[PDB]
$ cat protein30.pdb   # PDB, N, CA and C atoms
ATOM      1  N   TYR V 101     101.493 114.907 110.509  1.00  0.00           N
ATOM      2  CA  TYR V 101     102.889 114.872 110.886  1.00  0.00           C
ATOM      3  C   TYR V 101     103.565 113.647 110.302  1.00  0.00           C
ATOM      4  N   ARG V 102     103.407 113.494 109.000  1.00  0.00           N
ATOM      5  CA  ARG V 102     104.058 112.327 108.366  1.00  0.00           C
ATOM      6  C   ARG V 102     105.533 112.609 108.136  1.00  0.00           C
ATOM      7  N   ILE V 103     106.327 111.563 108.088  1.00  0.00           N
ATOM      8  CA  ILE V 103     107.745 111.657 107.731  1.00  0.00           C
ATOM      9  C   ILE V 103     107.933 110.826 106.473  1.00  0.00           C
ATOM     10  N   UNK V 104     107.909 111.455 105.300  1.00  0.00           N
ATOM     11  CA  UNK V 104     107.827 110.657 104.060  1.00  0.00           C
ATOM     12  C   UNK V 104     106.540 109.847 104.119  1.00  0.00           C
ATOM     13  N   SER V 105     106.499 108.545 103.833  1.00  0.00           N
ATOM     14  CA  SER V 105     105.213 107.850 103.907  1.00  0.00           C
ATOM     15  C   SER V 105     104.913 107.284 105.285  1.00  0.00           C
ATOM     16  N   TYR V 106     105.735 107.591 106.273  1.00  0.00           N
ATOM     17  CA  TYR V 106     105.426 107.011 107.594  1.00  0.00           C
ATOM     18  C   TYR V 106     104.417 107.844 108.363  1.00  0.00           C
ATOM     19  N   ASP V 107     103.377 107.199 108.911  1.00  0.00           N
ATOM     20  CA  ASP V 107     102.376 108.024 109.611  1.00  0.00           C
ATOM     21  C   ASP V 107     102.772 108.261 111.066  1.00  0.00           C
ATOM     22  N   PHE V 108     103.756 109.160 111.236  1.00  0.00           N
ATOM     23  CA  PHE V 108     104.362 109.426 112.532  1.00  0.00           C
ATOM     24  C   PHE V 108     103.344 109.923 113.534  1.00  0.00           C
ATOM     25  N   UNK V 109     102.576 110.940 113.164  1.00  0.00           N
ATOM     26  CA  UNK V 109     101.538 111.501 114.038  1.00  0.00           C
ATOM     27  C   UNK V 109     100.633 110.405 114.572  1.00  0.00           C
ATOM     28  N   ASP V 110     100.092 109.615 113.635  1.00  0.00           N
ATOM     29  CA  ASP V 110      99.174 108.565 114.058  1.00  0.00           C
ATOM     30  C   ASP V 110      99.822 107.501 114.933  1.00  0.00           C
ATOM     31  N   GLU V 111     101.059 107.158 114.623  1.00  0.00           N
ATOM     32  CA  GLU V 111     101.732 106.139 115.416  1.00  0.00           C
ATOM     33  C   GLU V 111     101.974 106.668 116.812  1.00  0.00           C
ATOM     34  N   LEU V 112     102.283 107.948 116.963  1.00  0.00           N
ATOM     35  CA  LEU V 112     102.434 108.454 118.314  1.00  0.00           C
ATOM     36  C   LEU V 112     101.092 108.485 119.020  1.00  0.00           C
ATOM     37  N   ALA V 113      99.993 108.843 118.340  1.00  0.00           N
ATOM     38  CA  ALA V 113      98.677 108.840 118.982  1.00  0.00           C
ATOM     39  C   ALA V 113      98.356 107.452 119.495  1.00  0.00           C
ATOM     40  N   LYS V 114      98.705 106.442 118.679  1.00  0.00           N
ATOM     41  CA  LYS V 114      98.429 105.048 119.028  1.00  0.00           C
ATOM     42  C   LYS V 114      99.242 104.597 120.218  1.00  0.00           C
ATOM     43  N   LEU V 115     100.510 105.013 120.282  1.00  0.00           N
ATOM     44  CA  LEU V 115     101.371 104.741 121.445  1.00  0.00           C
ATOM     45  C   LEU V 115     100.804 105.356 122.711  1.00  0.00           C
ATOM     46  N   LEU V 116     100.351 106.609 122.634  1.00  0.00           N
ATOM     47  CA  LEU V 116      99.739 107.212 123.829  1.00  0.00           C
ATOM     48  C   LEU V 116      98.543 106.406 124.315  1.00  0.00           C
ATOM     49  N   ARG V 117      97.677 105.991 123.402  1.00  0.00           N
ATOM     50  CA  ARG V 117      96.529 105.169 123.738  1.00  0.00           C
ATOM     51  C   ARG V 117      96.923 103.861 124.416  1.00  0.00           C
ATOM     52  N   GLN V 118      97.778 103.107 123.721  1.00  0.00           N
ATOM     53  CA  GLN V 118      98.224 101.815 124.257  1.00  0.00           C
ATOM     54  C   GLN V 118      98.933 101.948 125.606  1.00  0.00           C
ATOM     55  N   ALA V 119      99.778 102.962 125.796  1.00  0.00           N
ATOM     56  CA  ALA V 119     100.406 103.194 127.085  1.00  0.00           C
ATOM     57  C   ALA V 119      99.408 103.439 128.204  1.00  0.00           C
ATOM     58  N   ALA V 120      98.212 103.850 127.812  1.00  0.00           N
ATOM     59  CA  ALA V 120      97.201 104.206 128.795  1.00  0.00           C
ATOM     60  C   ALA V 120      96.112 103.147 128.915  1.00  0.00           C
ATOM     61  N   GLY V 121      96.402 101.981 128.354  1.00  0.00           N
ATOM     62  CA  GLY V 121      95.575 100.817 128.576  1.00  0.00           C
ATOM     63  C   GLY V 121      94.707 100.460 127.392  1.00  0.00           C
TER      64      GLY V 121
ATOM     65  N   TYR G 201     111.146 105.626 131.633  1.00  0.00           N
ATOM     66  CA  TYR G 201     109.872 106.360 131.511  1.00  0.00           C
ATOM     67  C   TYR G 201     108.777 105.333 131.250  1.00  0.00           C
ATOM     68  N   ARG G 202     108.138 104.833 132.309  1.00  0.00           N
ATOM     69  CA  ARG G 202     107.165 103.747 132.155  1.00  0.00           C
ATOM     70  C   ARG G 202     105.761 104.146 132.611  1.00  0.00           C
ATOM     71  N   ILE G 203     104.742 103.474 132.090  1.00  0.00           N
ATOM     72  CA  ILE G 203     103.420 103.603 132.718  1.00  0.00           C
ATOM     73  C   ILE G 203     103.077 102.159 133.102  1.00  0.00           C
ATOM     74  N   UNK G 204     103.196 101.835 134.386  1.00  0.00           N
ATOM     75  CA  UNK G 204     103.131 100.452 134.853  1.00  0.00           C
ATOM     76  C   UNK G 204     104.185  99.646 134.121  1.00  0.00           C
ATOM     77  N   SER G 205     103.796  98.571 133.426  1.00  0.00           N
ATOM     78  CA  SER G 205     104.867  97.756 132.818  1.00  0.00           C
ATOM     79  C   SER G 205     105.226  98.210 131.410  1.00  0.00           C
ATOM     80  N   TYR G 206     104.489  99.145 130.838  1.00  0.00           N
ATOM     81  CA  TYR G 206     104.734  99.661 129.498  1.00  0.00           C
ATOM     82  C   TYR G 206     105.928 100.605 129.471  1.00  0.00           C
ATOM     83  N   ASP G 207     106.960 100.280 128.708  1.00  0.00           N
ATOM     84  CA  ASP G 207     108.140 101.140 128.598  1.00  0.00           C
ATOM     85  C   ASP G 207     107.872 102.219 127.562  1.00  0.00           C
ATOM     86  N   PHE G 208     107.155 103.255 127.997  1.00  0.00           N
ATOM     87  CA  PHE G 208     106.846 104.385 127.112  1.00  0.00           C
ATOM     88  C   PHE G 208     108.095 104.998 126.493  1.00  0.00           C
ATOM     89  N   UNK G 209     109.156 105.228 127.262  1.00  0.00           N
ATOM     90  CA  UNK G 209     110.402 105.773 126.749  1.00  0.00           C
ATOM     91  C   UNK G 209     110.892 104.930 125.572  1.00  0.00           C
ATOM     92  N   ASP G 210     111.059 103.613 125.755  1.00  0.00           N
ATOM     93  CA  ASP G 210     111.557 102.756 124.695  1.00  0.00           C
ATOM     94  C   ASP G 210     110.610 102.693 123.509  1.00  0.00           C
ATOM     95  N   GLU G 211     109.295 102.636 123.768  1.00  0.00           N
ATOM     96  CA  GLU G 211     108.385 102.560 122.616  1.00  0.00           C
ATOM     97  C   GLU G 211     108.468 103.834 121.773  1.00  0.00           C
ATOM     98  N   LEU G 212     108.647 104.977 122.405  1.00  0.00           N
ATOM     99  CA  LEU G 212     108.766 106.225 121.685  1.00  0.00           C
ATOM    100  C   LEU G 212     110.088 106.220 120.940  1.00  0.00           C
ATOM    101  N   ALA G 213     111.159 105.762 121.608  1.00  0.00           N
ATOM    102  CA  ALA G 213     112.446 105.627 120.891  1.00  0.00           C
ATOM    103  C   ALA G 213     112.304 104.741 119.646  1.00  0.00           C
ATOM    104  N   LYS G 214     111.612 103.615 119.759  1.00  0.00           N
ATOM    105  CA  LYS G 214     111.420 102.687 118.646  1.00  0.00           C
ATOM    106  C   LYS G 214     110.647 103.342 117.522  1.00  0.00           C
ATOM    107  N   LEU G 215     109.637 104.173 117.851  1.00  0.00           N
ATOM    108  CA  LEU G 215     108.965 104.892 116.779  1.00  0.00           C
ATOM    109  C   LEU G 215     109.838 105.892 116.061  1.00  0.00           C
ATOM    110  N   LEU G 216     110.638 106.642 116.831  1.00  0.00           N
ATOM    111  CA  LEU G 216     111.539 107.595 116.164  1.00  0.00           C
ATOM    112  C   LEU G 216     112.474 106.833 115.205  1.00  0.00           C
ATOM    113  N   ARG G 217     112.947 105.680 115.666  1.00  0.00           N
ATOM    114  CA  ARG G 217     113.780 104.848 114.781  1.00  0.00           C
ATOM    115  C   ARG G 217     112.991 104.357 113.580  1.00  0.00           C
ATOM    116  N   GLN G 218     111.805 103.789 113.791  1.00  0.00           N
ATOM    117  CA  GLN G 218     111.024 103.192 112.686  1.00  0.00           C
ATOM    118  C   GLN G 218     110.655 104.227 111.618  1.00  0.00           C
ATOM    119  N   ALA G 219     110.307 105.439 112.035  1.00  0.00           N
ATOM    120  CA  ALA G 219     110.036 106.601 111.210  1.00  0.00           C
ATOM    121  C   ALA G 219     111.285 107.134 110.527  1.00  0.00           C
ATOM    122  N   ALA G 220     112.459 106.675 110.927  1.00  0.00           N
ATOM    123  CA  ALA G 220     113.693 107.187 110.363  1.00  0.00           C
ATOM    124  C   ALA G 220     114.442 106.021 109.718  1.00  0.00           C
ATOM    125  N   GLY G 221     113.720 105.082 109.112  1.00  0.00           N
ATOM    126  CA  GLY G 221     114.275 104.013 108.309  1.00  0.00           C
ATOM    127  C   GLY G 221     114.145 102.616 108.873  1.00  0.00           C
TER     128      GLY G 221
ATOM    129  N   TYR Y 401     117.709 113.775 116.004  1.00  0.00           N
ATOM    130  CA  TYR Y 401     116.495 113.834 115.177  1.00  0.00           C
ATOM    131  C   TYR Y 401     116.043 115.265 114.994  1.00  0.00           C
ATOM    132  N   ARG Y 402     116.226 115.859 113.838  1.00  0.00           N
ATOM    133  CA  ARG Y 402     115.921 117.246 113.563  1.00  0.00           C
ATOM    134  C   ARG Y 402     114.696 117.408 112.674  1.00  0.00           C
ATOM    135  N   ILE Y 403     113.991 118.496 112.932  1.00  0.00           N
ATOM    136  CA  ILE Y 403     112.935 119.068 112.108  1.00  0.00           C
ATOM    137  C   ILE Y 403     113.256 120.536 111.934  1.00  0.00           C
ATOM    138  N   UNK Y 404     113.891 120.905 110.829  1.00  0.00           N
ATOM    139  CA  UNK Y 404     114.282 122.301 110.617  1.00  0.00           C
ATOM    140  C   UNK Y 404     115.192 122.702 111.783  1.00  0.00           C
ATOM    141  N   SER Y 405     114.874 123.849 112.363  1.00  0.00           N
ATOM    142  CA  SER Y 405     115.576 124.415 113.501  1.00  0.00           C
ATOM    143  C   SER Y 405     115.359 123.628 114.781  1.00  0.00           C
ATOM    144  N   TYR Y 406     114.434 122.672 114.832  1.00  0.00           N
ATOM    145  CA  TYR Y 406     114.216 121.971 116.100  1.00  0.00           C
ATOM    146  C   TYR Y 406     115.069 120.716 116.198  1.00  0.00           C
ATOM    147  N   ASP Y 407     115.718 120.558 117.341  1.00  0.00           N
ATOM    148  CA  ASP Y 407     116.295 119.291 117.782  1.00  0.00           C
ATOM    149  C   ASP Y 407     115.112 118.572 118.438  1.00  0.00           C
ATOM    150  N   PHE Y 408     114.416 117.864 117.552  1.00  0.00           N
ATOM    151  CA  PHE Y 408     113.187 117.183 117.962  1.00  0.00           C
ATOM    152  C   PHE Y 408     113.435 116.132 119.027  1.00  0.00           C
ATOM    153  N   UNK Y 409     114.544 115.394 118.881  1.00  0.00           N
ATOM    154  CA  UNK Y 409     114.888 114.446 119.949  1.00  0.00           C
ATOM    155  C   UNK Y 409     114.939 115.118 121.326  1.00  0.00           C
ATOM    156  N   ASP Y 410     115.699 116.228 121.385  1.00  0.00           N
ATOM    157  CA  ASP Y 410     115.857 116.940 122.661  1.00  0.00           C
ATOM    158  C   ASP Y 410     114.572 117.584 123.186  1.00  0.00           C
ATOM    159  N   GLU Y 411     113.746 118.107 122.259  1.00  0.00           N
ATOM    160  CA  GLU Y 411     112.459 118.696 122.664  1.00  0.00           C
ATOM    161  C   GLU Y 411     111.510 117.677 123.263  1.00  0.00           C
ATOM    162  N   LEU Y 412     111.504 116.461 122.674  1.00  0.00           N
ATOM    163  CA  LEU Y 412     110.713 115.365 123.222  1.00  0.00           C
ATOM    164  C   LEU Y 412     111.230 114.956 124.589  1.00  0.00           C
ATOM    165  N   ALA Y 413     112.536 114.820 124.687  1.00  0.00           N
ATOM    166  CA  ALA Y 413     113.183 114.475 125.954  1.00  0.00           C
ATOM    167  C   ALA Y 413     112.849 115.490 127.041  1.00  0.00           C
ATOM    168  N   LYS Y 414     112.813 116.784 126.665  1.00  0.00           N
ATOM    169  CA  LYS Y 414     112.370 117.814 127.593  1.00  0.00           C
ATOM    170  C   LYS Y 414     110.967 117.562 128.122  1.00  0.00           C
ATOM    171  N   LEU Y 415     110.028 117.251 127.214  1.00  0.00           N
ATOM    172  CA  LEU Y 415     108.670 117.034 127.698  1.00  0.00           C
ATOM    173  C   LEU Y 415     108.582 115.847 128.643  1.00  0.00           C
ATOM    174  N   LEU Y 416     109.346 114.787 128.346  1.00  0.00           N
ATOM    175  CA  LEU Y 416     109.370 113.598 129.220  1.00  0.00           C
ATOM    176  C   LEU Y 416     109.802 113.956 130.627  1.00  0.00           C
ATOM    177  N   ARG Y 417     110.902 114.701 130.672  1.00  0.00           N
ATOM    178  CA  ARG Y 417     111.469 115.081 131.974  1.00  0.00           C
ATOM    179  C   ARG Y 417     110.600 116.096 132.712  1.00  0.00           C
ATOM    180  N   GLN Y 418     110.042 117.064 131.957  1.00  0.00           N
ATOM    181  CA  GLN Y 418     109.140 118.019 132.613  1.00  0.00           C
ATOM    182  C   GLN Y 418     107.970 117.320 133.281  1.00  0.00           C
ATOM    183  N   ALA Y 419     107.345 116.412 132.562  1.00  0.00           N
ATOM    184  CA  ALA Y 419     106.207 115.659 133.069  1.00  0.00           C
ATOM    185  C   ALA Y 419     106.582 114.771 134.247  1.00  0.00           C
ATOM    186  N   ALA Y 420     107.699 114.043 134.204  1.00  0.00           N
ATOM    187  CA  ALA Y 420     108.063 113.105 135.249  1.00  0.00           C
ATOM    188  C   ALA Y 420     108.607 113.769 136.501  1.00  0.00           C
ATOM    189  N   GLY Y 421     108.924 115.047 136.461  1.00  0.00           N
ATOM    190  CA  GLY Y 421     109.429 115.793 137.586  1.00  0.00           C
ATOM    191  C   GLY Y 421     108.316 116.218 138.516  1.00  0.00           C
TER     192      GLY Y 421
ATOM    193  N   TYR C 301      95.761 113.033 128.114  1.00  0.00           N
ATOM    194  CA  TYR C 301      96.931 112.208 128.422  1.00  0.00           C
ATOM    195  C   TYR C 301      97.802 112.975 129.422  1.00  0.00           C
ATOM    196  N   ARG C 302      97.574 112.709 130.681  1.00  0.00           N
ATOM    197  CA  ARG C 302      98.140 113.364 131.839  1.00  0.00           C
ATOM    198  C   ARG C 302      99.202 112.541 132.547  1.00  0.00           C
ATOM    199  N   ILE C 303     100.180 113.263 133.083  1.00  0.00           N
ATOM    200  CA  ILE C 303     101.090 112.730 134.090  1.00  0.00           C
ATOM    201  C   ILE C 303     100.936 113.670 135.289  1.00  0.00           C
ATOM    202  N   UNK C 304     100.187 113.231 136.291  1.00  0.00           N
ATOM    203  CA  UNK C 304      99.829 114.164 137.369  1.00  0.00           C
ATOM    204  C   UNK C 304      99.131 115.383 136.742  1.00  0.00           C
ATOM    205  N   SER C 305      99.585 116.590 137.077  1.00  0.00           N
ATOM    206  CA  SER C 305      98.950 117.817 136.615  1.00  0.00           C
ATOM    207  C   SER C 305      99.463 118.264 135.255  1.00  0.00           C
ATOM    208  N   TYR C 306     100.446 117.537 134.724  1.00  0.00           N
ATOM    209  CA  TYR C 306     101.027 117.900 133.428  1.00  0.00           C
ATOM    210  C   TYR C 306     100.289 117.282 132.251  1.00  0.00           C
ATOM    211  N   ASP C 307      99.800 118.111 131.313  1.00  0.00           N
ATOM    212  CA  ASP C 307      99.054 117.566 130.179  1.00  0.00           C
ATOM    213  C   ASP C 307     100.058 117.230 129.079  1.00  0.00           C
ATOM    214  N   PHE C 308     100.569 115.990 129.163  1.00  0.00           N
ATOM    215  CA  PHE C 308     101.563 115.520 128.227  1.00  0.00           C
ATOM    216  C   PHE C 308     100.995 115.539 126.807  1.00  0.00           C
ATOM    217  N   UNK C 309      99.805 115.004 126.599  1.00  0.00           N
ATOM    218  CA  UNK C 309      99.144 114.915 125.331  1.00  0.00           C
ATOM    219  C   UNK C 309      99.200 116.280 124.640  1.00  0.00           C
ATOM    220  N   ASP C 310      98.754 117.281 125.383  1.00  0.00           N
ATOM    221  CA  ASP C 310      98.634 118.607 124.806  1.00  0.00           C
ATOM    222  C   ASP C 310      99.971 119.272 124.564  1.00  0.00           C
ATOM    223  N   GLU C 311     100.936 119.118 125.472  1.00  0.00           N
ATOM    224  CA  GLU C 311     102.266 119.672 125.196  1.00  0.00           C
ATOM    225  C   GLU C 311     102.950 119.020 124.011  1.00  0.00           C
ATOM    226  N   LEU C 312     102.755 117.707 123.796  1.00  0.00           N
ATOM    227  CA  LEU C 312     103.275 117.045 122.613  1.00  0.00           C
ATOM    228  C   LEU C 312     102.620 117.602 121.358  1.00  0.00           C
ATOM    229  N   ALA C 313     101.291 117.776 121.391  1.00  0.00           N
ATOM    230  CA  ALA C 313     100.569 118.257 120.213  1.00  0.00           C
ATOM    231  C   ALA C 313     101.091 119.649 119.885  1.00  0.00           C
ATOM    232  N   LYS C 314     101.332 120.446 120.918  1.00  0.00           N
ATOM    233  CA  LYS C 314     101.803 121.813 120.689  1.00  0.00           C
ATOM    234  C   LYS C 314     103.201 121.791 120.095  1.00  0.00           C
ATOM    235  N   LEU C 315     104.052 120.884 120.543  1.00  0.00           N
ATOM    236  CA  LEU C 315     105.413 120.795 120.011  1.00  0.00           C
ATOM    237  C   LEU C 315     105.419 120.405 118.541  1.00  0.00           C
ATOM    238  N   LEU C 316     104.601 119.376 118.204  1.00  0.00           N
ATOM    239  CA  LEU C 316     104.543 118.939 116.829  1.00  0.00           C
ATOM    240  C   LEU C 316     104.042 120.061 115.930  1.00  0.00           C
ATOM    241  N   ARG C 317     103.003 120.771 116.412  1.00  0.00           N
ATOM    242  CA  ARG C 317     102.340 121.774 115.618  1.00  0.00           C
ATOM    243  C   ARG C 317     103.342 122.908 115.429  1.00  0.00           C
ATOM    244  N   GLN C 318     103.943 123.346 116.542  1.00  0.00           N
ATOM    245  CA  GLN C 318     104.823 124.518 116.373  1.00  0.00           C
ATOM    246  C   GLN C 318     106.012 124.148 115.503  1.00  0.00           C
ATOM    247  N   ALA C 319     106.632 122.986 115.679  1.00  0.00           N
ATOM    248  CA  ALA C 319     107.778 122.605 114.851  1.00  0.00           C
ATOM    249  C   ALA C 319     107.407 122.366 113.385  1.00  0.00           C
ATOM    250  N   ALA C 320     106.111 122.342 113.066  1.00  0.00           N
ATOM    251  CA  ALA C 320     105.640 122.188 111.687  1.00  0.00           C
ATOM    252  C   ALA C 320     105.119 123.527 111.173  1.00  0.00           C
ATOM    253  N   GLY C 321     105.237 124.570 112.011  1.00  0.00           N
ATOM    254  CA  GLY C 321     104.843 125.886 111.520  1.00  0.00           C
ATOM    255  C   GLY C 321     104.589 126.959 112.540  1.00  0.00           C
TER     256      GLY C 321
END

$ encode --input "protein30.pdb" --output "structure tokens"
Amino acid sequence: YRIXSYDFXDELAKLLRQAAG
Amino acid sequence: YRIXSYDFXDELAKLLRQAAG
Amino acid sequence: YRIXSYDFXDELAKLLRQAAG
Amino acid sequence: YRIXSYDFXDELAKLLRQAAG
């Protein structure tokens, strides 16, 4: 789920992780 | 939209922004 | 924030509200 | 990635996937 060269999918996965400790 | 002190709503907003320039 | 036919901003906002309700 | 009984993780994954095809 990239948006041009931004790794959107991965950044959201990382946000979910960090939000959960 | 928070999980304890983490502002999940704002962090998600910041990603949508960062992914959009 | 659009992806084709999706108002991605609004679809995300829906999931936030569905979950927090 | 749950909020109570709501599987946020999975509903997000489904949204991304469906909006990409």

$ axis_aligned_box --input "protein30.pdb" --around "stretch 202-217 of chain G" --padding-each-side "6 Å" --output "JSON"
{"center_x": 108.4, "center_y": 102.7, "center_z": 124.2, "size_x": 22.7, "size_y": 21.8, "size_z": 33.3}

$ resolve_selection --input "protein30.pdb" --expression "the ChimeraX specification (/C@CA @<9) & /Y@CA" --output "VMD selection string"
chain Y and resid 403 to 406 408 411 to 412 415 to 416 418 to 420

$ select_by_dssp --input "protein30.pdb" --residues "chain V" --states "alpha helix (DSSP H)" --output "PyMOL selection string"
chain V and resi 108-119

$ select_by_dssp --input "protein30.pdb" --residues "chain C" --states "strand (DSSP E or B)" --output "list in words"
residues 302, 303, 306 and 307 of chain C

$ write_last_selection --input "protein30.pdb" --atoms "N, CA and C atoms" --output "JSON list (two decimals), in the frame of the given file"
[["chain", "number", "residue", "atom", "x", "y", "z"],
["C", 302, "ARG", "N", 97.57, 112.71, 130.68],
["C", 302, "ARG", "CA", 98.14, 113.36, 131.84],
["C", 302, "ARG", "C", 99.20, 112.54, 132.55],
["C", 303, "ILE", "N", 100.18, 113.26, 133.08],
["C", 303, "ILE", "CA", 101.09, 112.73, 134.09],
["C", 303, "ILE", "C", 100.94, 113.67, 135.29],
["C", 306, "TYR", "N", 100.45, 117.54, 134.72],
["C", 306, "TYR", "CA", 101.03, 117.90, 133.43],
["C", 306, "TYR", "C", 100.29, 117.28, 132.25],
["C", 307, "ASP", "N", 99.80, 118.11, 131.31],
["C", 307, "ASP", "CA", 99.05, 117.57, 130.18],
["C", 307, "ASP", "C", 100.06, 117.23, 129.08]]

$ build_atoms --input "protein30.pdb" --residues "stretch 401-419 of chain Y" --atoms "N, CA, C and O atoms" --output "mmCIF file, in the frame of the given file"
data_model
loop_
_atom_site.group_PDB
_atom_site.id
_atom_site.type_symbol
_atom_site.label_atom_id
_atom_site.label_comp_id
_atom_site.auth_asym_id
_atom_site.auth_seq_id
_atom_site.Cartn_x
_atom_site.Cartn_y
_atom_site.Cartn_z
ATOM 1 N N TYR Y 401 117.709 113.775 116.004
ATOM 2 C CA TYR Y 401 116.495 113.834 115.177
ATOM 3 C C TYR Y 401 116.043 115.265 114.994
ATOM 4 O O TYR Y 401 115.540 115.832 115.962
ATOM 5 N N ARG Y 402 116.226 115.859 113.838
ATOM 6 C CA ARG Y 402 115.921 117.246 113.563
ATOM 7 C C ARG Y 402 114.696 117.408 112.674
ATOM 8 O O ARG Y 402 114.392 116.607 111.793
ATOM 9 N N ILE Y 403 113.991 118.496 112.932
ATOM 10 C CA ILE Y 403 112.935 119.068 112.108
ATOM 11 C C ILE Y 403 113.256 120.536 111.934
ATOM 12 O O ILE Y 403 112.966 121.335 112.845
ATOM 13 N N UNK Y 404 113.891 120.905 110.829
ATOM 14 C CA UNK Y 404 114.282 122.301 110.617
ATOM 15 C C UNK Y 404 115.192 122.702 111.783
ATOM 16 O O UNK Y 404 116.122 122.002 112.169
ATOM 17 N N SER Y 405 114.874 123.849 112.363
ATOM 18 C CA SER Y 405 115.576 124.415 113.501
ATOM 19 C C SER Y 405 115.359 123.628 114.781
ATOM 20 O O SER Y 405 116.039 123.898 115.789
ATOM 21 N N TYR Y 406 114.434 122.672 114.832
ATOM 22 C CA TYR Y 406 114.216 121.971 116.100
ATOM 23 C C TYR Y 406 115.069 120.716 116.198
ATOM 24 O O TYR Y 406 115.085 119.919 115.246
ATOM 25 N N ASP Y 407 115.718 120.558 117.341
ATOM 26 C CA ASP Y 407 116.295 119.291 117.782
ATOM 27 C C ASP Y 407 115.112 118.572 118.438
ATOM 28 O O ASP Y 407 114.850 118.672 119.643
ATOM 29 N N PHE Y 408 114.416 117.864 117.552
ATOM 30 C CA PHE Y 408 113.187 117.183 117.962
ATOM 31 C C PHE Y 408 113.435 116.132 119.027
ATOM 32 O O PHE Y 408 112.648 116.035 119.965
ATOM 33 N N UNK Y 409 114.544 115.394 118.881
ATOM 34 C CA UNK Y 409 114.888 114.446 119.949
ATOM 35 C C UNK Y 409 114.939 115.118 121.326
ATOM 36 O O UNK Y 409 114.365 114.679 122.301
ATOM 37 N N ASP Y 410 115.699 116.228 121.385
ATOM 38 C CA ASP Y 410 115.857 116.940 122.661
ATOM 39 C C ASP Y 410 114.572 117.584 123.186
ATOM 40 O O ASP Y 410 114.256 117.590 124.383
ATOM 41 N N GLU Y 411 113.746 118.107 122.259
ATOM 42 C CA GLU Y 411 112.459 118.696 122.664
ATOM 43 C C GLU Y 411 111.510 117.677 123.263
ATOM 44 O O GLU Y 411 110.807 117.919 124.248
ATOM 45 N N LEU Y 412 111.504 116.461 122.674
ATOM 46 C CA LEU Y 412 110.713 115.365 123.222
ATOM 47 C C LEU Y 412 111.230 114.956 124.589
ATOM 48 O O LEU Y 412 110.444 114.702 125.514
ATOM 49 N N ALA Y 413 112.536 114.820 124.687
ATOM 50 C CA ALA Y 413 113.183 114.475 125.954
ATOM 51 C C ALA Y 413 112.849 115.490 127.041
ATOM 52 O O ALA Y 413 112.587 115.137 128.168
ATOM 53 N N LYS Y 414 112.813 116.784 126.665
ATOM 54 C CA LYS Y 414 112.370 117.814 127.593
ATOM 55 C C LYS Y 414 110.967 117.562 128.122
ATOM 56 O O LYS Y 414 110.712 117.695 129.327
ATOM 57 N N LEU Y 415 110.028 117.251 127.214
ATOM 58 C CA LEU Y 415 108.670 117.034 127.698
ATOM 59 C C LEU Y 415 108.582 115.847 128.643
ATOM 60 O O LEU Y 415 107.814 115.903 129.628
ATOM 61 N N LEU Y 416 109.346 114.787 128.346
ATOM 62 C CA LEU Y 416 109.370 113.598 129.220
ATOM 63 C C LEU Y 416 109.802 113.956 130.627
ATOM 64 O O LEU Y 416 109.209 113.543 131.621
ATOM 65 N N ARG Y 417 110.902 114.701 130.672
ATOM 66 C CA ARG Y 417 111.469 115.081 131.974
ATOM 67 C C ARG Y 417 110.600 116.096 132.712
ATOM 68 O O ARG Y 417 110.440 115.995 133.942
ATOM 69 N N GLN Y 418 110.042 117.064 131.957
ATOM 70 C CA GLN Y 418 109.140 118.019 132.613
ATOM 71 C C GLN Y 418 107.970 117.320 133.281
ATOM 72 O O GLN Y 418 107.634 117.557 134.435
ATOM 73 N N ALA Y 419 107.345 116.412 132.562
ATOM 74 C CA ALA Y 419 106.207 115.659 133.069
ATOM 75 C C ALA Y 419 106.582 114.771 134.247
ATOM 76 O O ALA Y 419 105.862 114.724 135.258
#
